[PDB]
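J.: Structure in structure tokens, see below.
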Amino acid sequence: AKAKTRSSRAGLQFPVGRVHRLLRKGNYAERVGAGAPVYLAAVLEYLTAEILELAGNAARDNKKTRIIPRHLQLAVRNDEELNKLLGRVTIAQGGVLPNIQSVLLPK
Amino acid sequence: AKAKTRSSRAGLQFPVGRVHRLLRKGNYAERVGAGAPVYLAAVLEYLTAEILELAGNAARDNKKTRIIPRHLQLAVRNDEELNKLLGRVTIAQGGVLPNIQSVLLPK
Amino acid sequence: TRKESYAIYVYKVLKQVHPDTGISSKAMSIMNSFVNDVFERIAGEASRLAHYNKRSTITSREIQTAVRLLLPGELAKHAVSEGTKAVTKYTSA
Amino acid sequence: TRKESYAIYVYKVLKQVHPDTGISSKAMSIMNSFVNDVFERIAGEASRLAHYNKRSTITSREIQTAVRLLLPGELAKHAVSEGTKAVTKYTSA
Amino acid sequence: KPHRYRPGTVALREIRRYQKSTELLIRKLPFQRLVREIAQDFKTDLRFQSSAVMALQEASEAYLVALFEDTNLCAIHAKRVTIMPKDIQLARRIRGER
Amino acid sequence: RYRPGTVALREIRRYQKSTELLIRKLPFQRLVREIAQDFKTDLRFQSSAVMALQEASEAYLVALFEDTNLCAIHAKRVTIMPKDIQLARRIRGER
Amino acid sequence: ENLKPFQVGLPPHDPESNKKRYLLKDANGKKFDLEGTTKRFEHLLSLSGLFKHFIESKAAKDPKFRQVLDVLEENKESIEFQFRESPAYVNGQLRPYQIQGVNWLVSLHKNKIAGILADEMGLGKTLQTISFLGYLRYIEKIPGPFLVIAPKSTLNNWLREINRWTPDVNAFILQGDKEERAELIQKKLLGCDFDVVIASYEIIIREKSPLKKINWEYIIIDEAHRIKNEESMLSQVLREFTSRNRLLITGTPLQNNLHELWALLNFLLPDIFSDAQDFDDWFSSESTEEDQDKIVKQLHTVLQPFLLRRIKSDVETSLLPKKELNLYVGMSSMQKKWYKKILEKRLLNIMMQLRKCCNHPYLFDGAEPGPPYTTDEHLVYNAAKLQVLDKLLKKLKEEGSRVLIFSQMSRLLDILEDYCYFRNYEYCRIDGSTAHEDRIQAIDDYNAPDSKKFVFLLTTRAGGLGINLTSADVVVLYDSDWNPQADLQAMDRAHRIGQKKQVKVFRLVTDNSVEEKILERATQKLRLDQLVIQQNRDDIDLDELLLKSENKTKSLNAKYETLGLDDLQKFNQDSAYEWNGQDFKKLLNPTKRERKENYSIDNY
Amino acid sequence: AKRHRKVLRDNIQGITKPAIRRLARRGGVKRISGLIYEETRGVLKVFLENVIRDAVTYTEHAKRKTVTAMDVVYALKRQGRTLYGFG
Amino acid sequence: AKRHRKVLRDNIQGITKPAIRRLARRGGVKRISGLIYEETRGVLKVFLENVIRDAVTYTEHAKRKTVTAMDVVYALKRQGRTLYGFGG
DNA sequence: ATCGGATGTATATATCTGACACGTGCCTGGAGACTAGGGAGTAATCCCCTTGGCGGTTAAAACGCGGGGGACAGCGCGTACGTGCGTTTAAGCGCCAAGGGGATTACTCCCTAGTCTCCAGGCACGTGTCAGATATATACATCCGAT
DNA sequence: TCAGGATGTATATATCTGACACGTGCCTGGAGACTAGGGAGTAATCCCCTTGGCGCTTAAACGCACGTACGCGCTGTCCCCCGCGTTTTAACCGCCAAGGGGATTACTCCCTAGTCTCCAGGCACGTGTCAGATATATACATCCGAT
Ligand SMILES: Nc1ncnc2c1ncn2[C@@H]1O[C@H](COP(=O)(O)OP(=O)(O)O)[C@@H](O)[C@H]1O
Ligand SMILES: [Mg+2]
């Protein structure tokens with residue numbers, strides 16, 4: 001019969017075959033279920049979509065049409081949930097979030 | 001023939017068959033060599049002996065002949081080495097080593 | 001050669017969300033590293049979770065528990081909902 | 001109901017460093033937990049080392065690297081020295 | 001006039017007496033009540049062991065003692081002797097919890 | 001000419017807006033080789049390795065200076081000092 | 001005043017002489033006496049031969065008792081001082097049954113065994129005990145020592161009686177903060193300036209180390225069912241006490257089990273009932289035959305040797321008997337919906353929750369209508385028991401019988417207080433909250449000779465025993481209890497000696513619910529007690545409801561009358577989760593969390 | 001009138017002022033302000049919330065209803081503060 | 001008289017005063033003392049020492065003699081400061 | 001307050017180089033049997049945890065007071081930072097030469113692991129005990145706050 | 001400063017108990033075959049890194065000099081927090097009742113994974129464009145600082 005990929009018949013965009021292969025050949029457990037790759041692919045797709053939407057918002061805010069590591073940095077640090085999730089990473093070439101302490105400003 | 005334990009052959013005290021079983025059953029990797037359990041048992045034996053020697057010294061200094069969690073904490077925290085190894089570790093019923101900031105002391 | 005990337009899948013998701021923007025190579029690499037990092041975090045948590053319960057199988061239940069252990073709050077809620085949706089669609093279809 | 005533990009072995013080690021001191025049960029549980037924790041750390045680092053270099057097996061080289069990578073300096077020196085002497089004795093005998 | 005210690009000496013004695021013991025300083029039943037009240041967090045009616053609550057109290061007290069040490073350092077840094085909520089907030093911000 | 005602090009706020013605005021590297025390239029790269037000579041003789045590096053090292057160092061020092069500034073403000077000051085940075089590092093579980 | 005000739009022959013009181021016997025000098029003088037055990041077993045077999053069941057098993061265990069058995073095998077006036085009048089050395093009179101109790105005590109004394117005094121309440125138990133100790137003093141010439149462990153409430157009463165009917169005896173009670181307690185220790189206890197010590201359950205645990213260091217002639221215990229558990233800390237501690245014999249003054253033993261009675265026996269004579277399984281399998285629960293009532297029932301012969309109780313039903317007479325009026329009540333709509341809600345759901349112990357719903361749904365938080373909260377008939381309007389209670393309270397009030405409500409939850413007492421205030425009756429509440437002085441003043445207020453106290457709330461298992469409310473006429477056990485004698489003592493708070501007029505005691509029951517199961521099991525245990533021990537001494541139109549419940553009670557009495565021992569111990573433990581058909585069975589997130597704005601360069 | 005509770009002051013108030021002072025002395029402070037006794041309750045409540053959330057997650061996954069010492073230990077280890085002893 | 005290498009400068013001083021000032025500004029400070037420079041050089045040297053030691057350990061385990069960006073990334077992640085962008 | 005002035009800030013233009021589209025093949029994911037063992041379900045046992053209530057001891061906790069010493073504002077004041085200007089100096093970028101280091105890429109085998117089959121010998125568990133760590137008391141010697 | 005108190009700090013003693021030694025059952029670690037595939041060795045091939053240099057542009061870094069404003073020390077002055085005595089109340093044991101929850105220890109069985117064999121499309125790699133984003137000037141507007 002004609003073969004249809006698990007990504008398509010699950011409705012996702014991330015690969016499910018590759019995720020299943022990594023889960024097997026990654027020494028995570030002896031046996032890997034059949035819904036685990038689907039669930040993991042869905043979660044990864046969701047997180048990617050969320051962060052990319054915020055980054056695109058920032059890039060449009062700065063009158064540009066290409067997301068750059070600066071926009072990734074800026075979106076991540078401005079969203080508090082993503083900031084907690086990525087609290088320890090350092091996006092290379094991201095700069096820093098603009099902030100001056102109130103006391104330092106002139107009278 | 002006559003069984004001769006791998007711990008005896010290596011000259012250690014900690015079990016090597018048990019360590020081999022743990023390496024095999026923990027799915028750390030597909031195959032475990034024949035010298036890895038011996039090396040690991042030797043390292044664990046060394047660290048145990050070190051911490052126990054320090055704890056026993058502390059117990060004698062406290063005029064006691066039995067190690068207690070307080071003595072373990074004193075042994076760990078006094079030397080700059082096991083303190084760095086056990087940095088994030090909290091020891092139940094350990095207390096804290098004594099110090100008082102010199103500013104708070106009287107004139 | 002033959003190094004797997006996730007670049008094409010991330011680009012598909014981007015052209016779904018913002019169908020007029022693009023990604024530079026550095027941002028693309030950062031996104032790929034992000035996906036790999038999250039994958040290994042979730043998989044490692046699920047592996048330890050199965051080991052704690054004397055199970056020899058990773059299944060969607062362990063994946064879900066690891067998701068709600070790692071992602072904070074609203075992120076966890078939405079990710080769980082989406083994963084369950086995808087799994088039910090897959091099994092039904 | 002059989003529960004494996006390291007109490008017997010750490011007590012054997014104790015009775016040759018300080019041959020007259022004892023050890024309370026709570027201290028014994030703390031020591032067993034410490035041994036398990038250090039074993040997990042070294043084994044996990046060796047597993048990740050094997051995965052990094054495409055190798056499929058764990059051996060004394062990985063264990064030595066993990067020790068030299070986790071233990072701080074002057075402690076790791078003695079640890080690796082004693083591990084090597086033990087493994088050479090095992091190989092010779 | 002009855003004998004009265006000048007301010008600071010009883011505090012120093014208390015410091016050097018509590019830095020030598022090892023027992024718990026929060027009361028067992030109040031801490032357990034607090035824990036079970038919070039436990040309506042991501043579930044509803046639940047059962048706790050006793051080792052669970054003891055472990056939880058150990059962890060909490062160790063955390064609070066470390067926080068108070070950092071706070072003391074901040075207060076001394078400000079050329080002061082009293083600890084203040086500004087010191088708590090500074091210490092707990094720098095560690096990375098806020 | 002300009003009142004004190006004006007150029008300071010101007011420079012803060014300038015540098016919190018951009019993203020480039022702040023330490024020179026060759027001095028840092030030379031320092032990395034020199035400090036790496038001790039652990040093992042005749043190592044080779046590569047540009048990506050040294051760039052990753054520099055990026056990490058930049059991020060670390062920037063966060064350290066943020067903590068130091070916040071410490072100095074805590075003590076009713078605007079000038080940062082070695083006592084400030086030592087307090088920051090020691091609170092942050094490093095000293 | 002004139003009984004001092006009996007005091008002749010006693011040595012003069014002197015701590016130095018007392019220290020010879022009181023302090024047991026032998027540090028590890030504890031040993032198994034073969035002579036005493038042989039005498040015990042010989043007399044025990046002389047009374048009857050059934051006792052070999054324990055002995056042969058124990059011989060199968062440690063054989064240095066098996067050789068004692070062999071010794072007893074190979075080798076094979078003690079006049080009771082009947083005291084036809086009151087004993088001279090006690091100033092006062094003793095009734096004939098009291099005399100018989102005293103003689104039983106003496107006869108057990110001169111047999112190297114003991115016996116649980118378990119007389120009915122009010123029959124001067126402490127008088128029996130003081131008389132017997134005086135027997136040892138004046139006649140047997142053993143002034144002391146003697147330990148008189150008792151409940152804290154009655155310590156003053158024990159001392160008052162001991163100084164009243166036998167003033168010669170010197171005795172004191174330990175009490176007070178630890179400093180004066182230790183002062184009393186060092187001055188008299190180790191000083192040996194007494195004959196009878198009085199303590200409390202708590203003090204025995206507290207001041208045990210000094211009390212170890214006296215050879216105790218006996219160790220008396222007041223109401224003893226406290227010791228019915230042998231794993232209780234008090235039981236554990238009160239076993240290292242080196243002692244000759246023991247006494248266990250109590251009320252009714254065997255309150256909710258048989259193993260309980262075994263342990264209670266095991267206290268007095270450990271060398272006989274040394275094996276749990278022996279008693280647990282010889283004539284305890286088994287599954288063999290019609291033996292249940294053919295033989296093992298008849299095998300009371302093991303007890304009658306050492307146990308006693310004198311039925312106050314006929315040895316006194318005045319308390320007209322009792323009047324039990326169980327009322328089966330049906331659930332109301334709020335109860336229906338709530339009870340189903342628990343059945344298919346902080347809610348643990350579903351069985352406890354079901355009891356709450358059978359009492360008043362307002363116990364559940366957020367059940368009553370409101371806020372704002374009122375107190376009108378919407379209170380009675382949702383609790384069936386409370387509706388019947390309102391009707392019955394009105395009927396009693398028009399008759400004029402002031403009532404005691406013995407609830408089982410103090411929160412239920414709160415709702416009852418609100419209801420009573422809304423109905424303009426007044427009360428006095430006593431529970432696990434009111435301090436002592438509150439309790440005494442409340443009792444006095446209720447028992448004022450002209451007291452305007454209609455209702456008087458309590459909790460069933462509270463107030464100890466000195467609470468005396470014979471002025472009351474009706475007791476409403478709003479809830480039934482697991483232990484039948486718990487409610488028995490509760491409902492004898494009004495039936496106690498001195499009560500003049502016949503009393504009625506209601507027991508509201510929620511039909512077709514848990515309460516029926518609880519009542520069934522409680523009746524199981526009560527009938528068990530009777531067999532084992534007592535033999536071998538909108539509106540509901542209240543009238544038709546009364547008749548229906550009375551018929552139901554007769555039917556269940558018929559059901560449980562004809563059960564057998566092994567059958568009656570069954571404890572069917574029928575699951576109450578299923579009541580009318582039960583199966584043990586108990587989003588899209590469109591939030592799109594947030595989207596910030598102003599990601600441009602406008603901070604400055 | 002009184003069936004309503006009107007009782008049980010907040011459980012966070014059970015962490016009394018002197019207990020906070022004892023923790024403070026073991027930390028090594030000599031002089032304490034007056035708002036520390038509220039800041040401390042806030043921080044303790046936050047910490048407990050996090051740890052208990054993770055422990056309950058583990059317990060629910062194992063299909064139990066009992067939070068065990070090992071569940072708490074795993075939660076703390078995940079949070080990054082290992083606890084030797086218990087389990 | 002100059003055959004030797006008398007001419008040389010220390011490498012930690014290559015972290016110039018204004019570079020530390022630029023870092024300080026990006027951190028958001030307004031006035032810098034005179035000893036912040038030396039303290040900063042010290043802390044940077046310590047940090048680099050730790051990271052480089054771990055990276056070199058990885059490389060010498062793999063039987064190589066070049067320290068690759070992946071090895072540095074592994075070393076940082078082990079230190080607890082994971083870094084996104086240079087692969088991995 | 002106004003004017004000067006230095007400094008971002010929008011704005012049109014040209015450059016280019018980095019993102020996006022398109023064809024190839026090759027290898028991995030999918031389809032289809034086959035099978036075994038993992039996990040779900042069931043029954044029996046036993047110990048811990050729940051809920052509501054009771055009674056007691058007794059240290060901590062709450063409260064009030066008084067007084068002192070520490071924090072917080074003002075006041076000089078005299079540095080040590082900033083800002084600006086002129087001048088070297090070094091970073092960065094090109095360029096030259098020759099090698100080794102390393103990562104595929106492709107066989108080739110040895111040897112060293114996993115797998116199976118017994119089988120005894122480690123080790124965990126269930127019993128005693130008795131020696132160490134308690135709590136008590138007492139005498140002492142040792143800081144602290146008022147001359 | 002010295003005598004007057006309050007507080008650890010030792011010393012001696014009776015008690016409790018929980019480490020420690022000992023005996024059994026069993027299960028798993030070791031001996032002994034057999035096997036097969038992972039990894040070690042070899043040997044091409046191309047790209048990057050090293051070590052000495054050289055020439056050139058051009059911004060940053062350095063050094064120097066006013067010269068403020070700020071960090072620091074003193075003084076004053078509240079007022080807030082500590083020490084201490086006095087009630088009181090809540091923790092902490094001990095209890096009681098029933099039942100459920102969780103662990104073990106078997107058993108049973110079914111179904112869902114792993115293991116193969118084929119076989120095609122999906123994805124990576126190598127190309128070829130073109131447009132998004134610089135940098136450059138330019139006029140605009142917009143705080144800042146001295147009269
Ligand atoms: N002359 C008497 N003869 C017999 N009993 C008496 C006499 N006088 C008083 N008593 C009763 O003897 C009782 C002994 O105490 P008792 O009621 O048995 O308390 P408990 O039941 O707690 O032992 C007293 O309650 C007292 O009423
Ligand atoms: Mg009595």
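Scheme for the structure tokens: letters A, B, ... for chains in order shown; per-chain residue numbers from 1; ligand numbers from 1 in order shown.
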Could you give me the residues within 9 Å of ligand 1, counting only C-alpha atoms (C1' of nucleotides) and all ligand atoms, as a list in words?
T.: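 Protein and nucleic-acid residues within 9 Å of ligand 1: residues 92, 93, 94, 95, 98, 119, 120, 121, 122, 123, 124, 125, 126, 127, 128, 151, 154, 157, 158, 161, 222, 223, 249, 250, 251, 465, 466 and 497 of chain G.
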J.: Go ahead and dump the residues you just picked, N, CA and C atoms, as a short mmCIF file (atom, residue, chain, number, x, y, z; two decimals), in the first residue's frame.
T.:
```cif
data_model
loop_
_atom_site.label_atom_id
_atom_site.label_comp_id
_atom_site.auth_asym_id
_atom_site.auth_seq_id
_atom_site.Cartn_x
_atom_site.Cartn_y
_atom_site.Cartn_z
N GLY G 92 -16.70 1.92 109.97
CA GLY G 92 -17.86 2.06 109.12
C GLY G 92 -18.54 0.73 108.91
N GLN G 93 -19.51 0.74 108.00
CA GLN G 93 -20.31 -0.42 107.68
C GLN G 93 -20.02 -0.89 106.26
N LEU G 94 -20.13 -2.20 106.05
CA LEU G 94 -20.01 -2.80 104.73
C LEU G 94 -21.22 -3.68 104.46
N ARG G 95 -21.78 -3.54 103.27
CA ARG G 95 -22.93 -4.32 102.87
C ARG G 95 -22.52 -5.75 102.51
N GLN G 98 -20.47 -6.40 99.52
CA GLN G 98 -19.14 -5.87 99.75
C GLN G 98 -18.30 -6.86 100.54
N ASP G 119 -16.87 -4.85 89.39
CA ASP G 119 -18.22 -4.62 89.86
C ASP G 119 -18.86 -3.45 89.11
N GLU G 120 -20.19 -3.41 89.16
CA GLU G 120 -20.93 -2.32 88.53
C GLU G 120 -20.70 -1.01 89.26
N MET G 121 -20.83 0.08 88.52
CA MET G 121 -20.46 1.39 89.03
C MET G 121 -21.34 1.78 90.22
N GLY G 122 -20.73 2.44 91.20
CA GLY G 122 -21.42 2.84 92.40
C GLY G 122 -21.39 1.84 93.53
N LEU G 123 -20.93 0.61 93.28
CA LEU G 123 -20.90 -0.41 94.33
C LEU G 123 -19.59 -0.37 95.12
N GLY G 124 -19.20 0.83 95.53
CA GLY G 124 -18.05 1.05 96.40
C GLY G 124 -16.82 0.20 96.14
N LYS G 125 -16.28 0.26 94.92
CA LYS G 125 -15.14 -0.59 94.59
C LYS G 125 -13.94 -0.23 95.46
N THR G 126 -13.66 1.06 95.56
CA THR G 126 -12.54 1.52 96.37
C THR G 126 -12.72 1.10 97.82
N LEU G 127 -13.96 0.98 98.28
CA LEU G 127 -14.18 0.48 99.63
C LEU G 127 -13.71 -0.97 99.75
N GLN G 128 -14.03 -1.80 98.76
CA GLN G 128 -13.50 -3.16 98.74
C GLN G 128 -11.98 -3.14 98.81
N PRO G 151 -6.97 7.17 87.50
CA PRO G 151 -7.15 8.36 86.67
C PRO G 151 -6.96 9.63 87.47
N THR G 154 -9.80 11.23 89.89
CA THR G 154 -10.28 10.63 91.13
C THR G 154 -9.21 10.54 92.22
N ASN G 157 -10.32 11.80 95.37
CA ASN G 157 -11.36 10.96 95.95
C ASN G 157 -10.78 9.71 96.60
N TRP G 158 -9.82 9.06 95.93
CA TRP G 158 -9.15 7.92 96.53
C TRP G 158 -8.53 8.31 97.86
N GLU G 161 -11.22 8.96 100.64
CA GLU G 161 -11.77 7.74 101.23
C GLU G 161 -10.73 7.01 102.07
N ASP G 222 -6.96 1.50 89.16
CA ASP G 222 -8.36 1.89 89.12
C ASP G 222 -8.82 1.59 87.70
N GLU G 223 -9.92 2.18 87.20
CA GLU G 223 -10.58 1.64 86.00
C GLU G 223 -9.56 1.21 84.96
N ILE G 249 -9.00 -3.46 89.50
CA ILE G 249 -10.29 -2.80 89.67
C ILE G 249 -10.67 -2.11 88.37
N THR G 250 -11.89 -2.37 87.90
CA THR G 250 -12.33 -1.82 86.63
C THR G 250 -13.85 -1.65 86.67
N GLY G 251 -14.43 -1.39 85.51
CA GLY G 251 -15.86 -1.38 85.35
C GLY G 251 -16.27 -2.63 84.61
N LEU G 465 -15.70 10.52 84.64
CA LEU G 465 -16.75 9.74 85.28
C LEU G 465 -17.46 10.47 86.41
N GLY G 466 -16.83 11.43 87.07
CA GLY G 466 -17.45 12.11 88.19
C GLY G 466 -18.64 12.97 87.82
N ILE G 497 -26.47 5.87 90.06
CA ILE G 497 -27.12 5.78 91.37
C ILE G 497 -27.55 7.16 91.83
#
```
J.: List the neighbours of residue 39 (chain C) out to 9 Å using only C-alpha atoms (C1' of nucleotides); skip same-chain residues closer than 5 positions along the sequence, and give me the result as a list in words.
T.: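 Contacts, in chain order: residues 40 and 44 of chain A; 34 and 44 of chain C.
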J.: Pairing every Cα of chain C with chain D in order, what RMSD remains after the least-squares superposition?
T.: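 That gives an RMSD of 0.3 Å.
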J.: List the spatial neighbours of residue 53 (chain I) as JSON, numbers by chain - criterion: any atom at most 8 Å away, only C-alpha atoms (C1' of nucleotides), same-chain residues fewer than 3 positions off excluded.
T.: {"F": [36, 39], "I": [49, 50, 56, 57]}
J.: Would you work out the distance separating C1' of residue 38 (chain K) from CA of residue 58 (chain D), expressed in Å to one decimal?
T.: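 Spanning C1' of residue 38 (chain K) to CA of residue 58 (chain D) is a straight-line distance of 12.3 Å.
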J.: Please provide as a PyMOL selection string all residues within 8 Å of residue 51 (chain A), with the sequence filter that same-chain residues fewer than 6 positions apart are discarded (counting only C-alpha atoms (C1' of nucleotides)).
T.: chain A and resi 72+75-76+82
J.: Please identify all residues of chain G having at least one atom at most 9 Å from any atom of chain A, considering only C-alpha atoms, and return them as JSON, numbers by chain.
T.: {"G": [594, 595, 596, 597, 598, 599, 600, 601, 603, 604]}
J.: Within 12 Å of chain J, which residues belong to chain H? Use only C-alpha atoms (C1' of nucleotides) and report them as a PyMOL selection string.
T.: chain H and resi 14-19+31+33+65-68
J.: So that I have them on file, write out the residues from the current selection with N, CA, C and O atoms, as a compact mmCIF listing (two decimals), in the first residue's frame.
T.:
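Saved file selection_21.txt follows:
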```txt
# COMPACT_ATOMS: atom_id res chain seq x y z
N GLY H 14 1.83 30.31 61.94
CA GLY H 14 2.39 29.32 62.83
C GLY H 14 3.90 29.32 62.86
O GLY H 14 4.49 28.77 63.79
N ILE H 15 4.53 29.93 61.87
CA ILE H 15 5.97 30.13 61.89
C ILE H 15 6.24 31.36 62.74
O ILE H 15 6.31 32.48 62.24
N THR H 16 6.38 31.15 64.04
CA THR H 16 6.28 32.23 65.00
C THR H 16 7.49 33.15 64.92
O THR H 16 8.50 32.84 64.29
N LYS H 17 7.35 34.31 65.54
CA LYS H 17 8.46 35.25 65.63
C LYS H 17 9.71 34.65 66.27
O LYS H 17 10.81 34.81 65.71
N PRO H 18 9.63 33.95 67.40
CA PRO H 18 10.85 33.36 67.97
C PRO H 18 11.47 32.28 67.11
O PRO H 18 12.69 32.12 67.16
N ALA H 19 10.70 31.51 66.35
CA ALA H 19 11.31 30.53 65.47
C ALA H 19 12.12 31.21 64.38
O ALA H 19 13.22 30.76 64.03
N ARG H 31 21.16 41.48 65.33
CA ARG H 31 20.08 42.43 65.53
C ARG H 31 19.11 42.33 64.36
O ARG H 31 19.54 42.28 63.21
N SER H 33 15.33 43.43 62.39
CA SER H 33 14.31 44.45 62.18
C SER H 33 12.94 43.87 62.50
O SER H 33 12.82 42.79 63.09
N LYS H 65 -1.62 7.97 45.91
CA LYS H 65 -2.21 9.11 46.60
C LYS H 65 -1.38 9.50 47.81
O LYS H 65 -1.81 10.35 48.58
N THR H 66 -0.22 8.90 47.98
CA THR H 66 0.65 9.15 49.12
C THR H 66 1.95 9.77 48.63
O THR H 66 2.60 9.23 47.74
N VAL H 67 2.31 10.91 49.21
CA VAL H 67 3.59 11.53 48.92
C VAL H 67 4.62 10.89 49.84
O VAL H 67 4.49 10.93 51.06
N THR H 68 5.65 10.30 49.25
CA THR H 68 6.64 9.56 50.01
C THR H 68 7.94 10.34 50.11
O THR H 68 8.20 11.27 49.33
```
J.: Quick one: residues within 9 Å of region 10-16 of chain F, only C-alpha atoms (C1' of nucleotides) counted, chain neighbours fewer than 6 positions away excluded, as a VMD selection string?
T.: (chain A and resid 95 to 100) or (chain G and resid 604) or (chain I and resid 22 to 30)
J.: Counting only C-alpha atoms (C1' of nucleotides), collect the residues of chain A whose closest atom lies at most 10 Å from chain K, and write them out as a list in words.
T.: residues 2, 3, 4, 5, 31, 32, 33, 34, 64, 65 and 66 of chain A
J.: Give me the residues within 12 Å of residue 110 (chain J) as a CSV table (one decimal) with N, CA, C and O atoms (P, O5', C5', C4', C3', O3' and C1' of nucleotides), in the first residue's frame, counting only C-alpha atoms (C1' of nucleotides) and dropping any in the same chain fewer than 6 places off.
T.:
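The resulting file, result25.csv, is reproduced below:
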```
chain,number,residue,atom,x,y,z
K,36,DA,P,27.2,-16.3,15.5
K,36,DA,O5',26.6,-14.8,15.4
K,36,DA,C5',26.3,-14.2,16.6
K,36,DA,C4',26.9,-12.8,16.7
K,36,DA,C3',27.4,-12.2,15.4
K,36,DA,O3',27.4,-10.8,15.5
K,36,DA,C1',29.2,-12.5,16.8
K,37,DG,P,26.2,-10.0,14.8
K,37,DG,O5',26.5,-8.5,15.3
K,37,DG,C5',26.7,-8.2,16.6
K,37,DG,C4',27.9,-7.3,16.9
K,37,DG,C3',28.2,-6.3,15.7
K,37,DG,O3',28.8,-5.2,16.3
K,37,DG,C1',30.0,-7.7,16.2
K,38,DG,P,27.9,-3.9,16.6
K,38,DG,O5',28.9,-3.0,17.5
K,38,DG,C5',29.0,-3.3,18.9
K,38,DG,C4',30.4,-3.1,19.4
K,38,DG,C3',31.1,-1.8,19.1
K,38,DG,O3',32.1,-1.4,20.0
K,38,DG,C1',32.3,-3.6,18.1
K,39,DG,P,32.4,0.1,20.3
K,39,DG,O5',34.0,0.2,20.1
K,39,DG,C5',34.8,-0.7,20.9
K,39,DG,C4',36.1,-1.0,20.1
K,39,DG,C3',36.8,0.2,19.4
K,39,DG,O3',38.1,0.0,19.5
K,39,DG,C1',36.4,-1.4,17.9
K,40,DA,P,39.1,1.1,20.3
K,40,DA,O5',40.5,0.5,20.1
K,40,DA,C5',40.7,-0.9,20.1
K,40,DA,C4',41.7,-1.3,19.0
K,40,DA,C3',42.6,-0.2,18.5
K,40,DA,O3',43.9,-0.7,18.2
K,40,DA,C1',41.3,-1.2,16.7
K,41,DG,P,45.1,0.2,17.9
K,41,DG,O5',45.6,-0.1,16.5
K,41,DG,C5',45.8,-1.5,16.1
K,41,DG,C4',45.9,-1.7,14.6
K,41,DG,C3',46.7,-0.6,13.9
K,41,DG,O3',47.6,-1.1,12.9
K,41,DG,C1',44.5,-0.8,13.0
```
